[PDB]
Amino acid sequence: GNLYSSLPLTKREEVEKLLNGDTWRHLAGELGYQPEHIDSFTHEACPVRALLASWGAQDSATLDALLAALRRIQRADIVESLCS
Ligand SMILES: O=C(O)c1cc(S)ccc1[N+](=O)[O-]
Ligand SMILES: O=C(O)c1cc(S)ccc1[N+](=O)[O-]
């Protein structure tokens with residue numbers, strides 16, 4: 001129901017924190033981004049934030065779609081942690 005982009009900055013920075021390291025790359029793969037497209041975000045100061053801002057532009061970029069993507073890369077631990 002809720003668009004990712006509509007979440008308060010405070011929630012989005014929790015999401016971003018948990019997607020640190022290479023997790024954002026794994027997630028981006030699941031969201032349908034090609035390797036070189038992903039590599040293009042490494043030029044940003046905040047690659048995770050840049051990715052999700054781009055992804056979040058679509059109308060099907062809901063929190064639940066994001067959460068679904070995370071379960072699929074076997075990172076339900078992040079879903080559990082955010083739902084806590
Ligand atoms: O700690 C990070 O990995 C992080 C980095 C940048 S550039 C922006 C937001 C962040 N948050 O919020 O996690
Ligand atoms: O709306 C919420 O508080 C929220 C709930 C769940 S289950 C997961 C992530 C969330 N984030 O990130 O906002």
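Sequential numbering from 1 along the given sequence is applied to the chain's residues. Computed from heavy atoms alone, side chains included, the values below leave out hydrogens, waters and symmetry copies. Both counts, for ligands and for their atoms, begin at 1 and track the order of listing.
- When only non-hydrogen protein atoms are considered, atom 9 (C) of ligand 1 lies nearest to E16 OE1, 3.2 Å.
- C46 SG, 2.3 Å is the protein heavy atom nearest to atom 7 (S) of ligand 1.
- Within ligand 1, the atoms closer than 4.0 Å to a non-hydrogen atom of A45 are 7 (S), numbered from 1 in the order shown.
- Taking every heavy atom of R49 and a limit of under 4.0 angstrom, the matching atoms of ligand 1 come to 8 (C), 9 (C).
- Judged by distance alone, the side chain of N2 and the main-chain N or O of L7 form no donor-acceptor pair under 3.5 Å.
- Contact atoms of ligand 2 toward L7: 13 (O) (distance under 4.0 Å to a heavy atom of the residue).
- For atom 4 (C) of ligand 1, the protein comes within 4.0 Å by no heavy atom at all.
- In terms of heavy atoms, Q58 sits closest to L3 at O-CD2, 4.2 Å.
- The two atoms that bring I73 and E30 nearest to each other are CG2-CB, 3.7 Å, heavy atoms only.
- In plain terms, the two heavy atoms of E44 and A50 that are nearest each other are CG-CB, 3.5 Å.
- Taking 4.5 Å as the limit, every side-chain heavy atom of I78 sits out of range of all side-chain heavy atoms of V15.
- The protein heavy atom nearest to atom 11 (N) of ligand 2 is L63 CD2, 3.8 Å.
- The distance criterion of under 3.5 Å between nitrogen or oxygen atoms is met by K17 with respect to ligand 1.
- Closest non-hydrogen pair, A61 versus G56, comes out as CB-CA, 3.6 Å.
- Those atoms of ligand 2 with a heavy atom of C83 less than 4.0 angstrom away are 6 (C), 7 (S), 8 (C).
- Regarding atom 12 (O) of ligand 1, its nearest protein heavy-atom neighbour is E13 O, 3.4 Å.
- Classified by interplanar angle (parallel below 30°, tilted 30° to 60°, perpendicular above 60°), the ring pair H37/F41 is parallel.
- Within ligand 2, the atoms closer than 4.0 Å to a non-hydrogen atom of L67 are 8 (C), numbered from 1 in the order shown.
- The shortest separation from a heavy atom of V79 to ligand 2 is not under 4.0 Å, leaving the residue out of contact.
- Between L67 and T62, the closest side-chain pair of non-hydrogen atoms is not below 4.5 Å.
- A donor-acceptor pair is defined here as one N or O able to donate and one able to accept, closer than 3.5 Å; no such pair exists between the side chain of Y4 and the backbone of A65.
- Some N or O of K11 is nearer than 3.5 Å to an N or O of ligand 2, by distance alone.
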